[PDB]
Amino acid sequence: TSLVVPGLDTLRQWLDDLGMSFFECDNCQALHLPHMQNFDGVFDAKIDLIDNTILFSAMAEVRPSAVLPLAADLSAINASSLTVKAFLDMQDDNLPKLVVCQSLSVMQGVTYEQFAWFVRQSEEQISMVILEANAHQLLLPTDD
């Protein structure tokens, strides 16, 4: 197999090699995945390449009355999975966001099937975490 230190161009074609539809604004660096927006509660998901590391991250908006209970359950959520990470991103002017992410290190090179397996295992664990929080009525709906 090949072992690539993948650039942004490498991830763009690898995703199309997997049939994954992606989106990217003009001067930006994130590769947004609209396929992740069919999971209930998922407002946005994107692939990022920072410091030789791939970051599959999805974002869900927390109900303001659920912020404290969800914050207390972050350790149990992070312990529920061997790969997924969950934390609260809360800004003054924004609504509280639940960021769920998983990282793949590409410093020493990765293979295409390593990246493929990483994406779908990420979008399975991220799916189960966000879908479980929406089952607890902790998130806001993604539609009007």
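All residue numbers refer to positions in the sequence shown, first residue = 1.
The question of which stretch, 91-99 or 78-86, has the higher mean Cα B factor is settled in favour of 91-99. The stretch with the higher mean CA B factor, choosing between 23-31 and 106-114, is 23-31. Within the group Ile50, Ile47, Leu70, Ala58, the record's highest C-alpha temperature factor is found at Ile50. Annotation for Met36: CA B-factor lies in the middle third of the chain's modelled residues.
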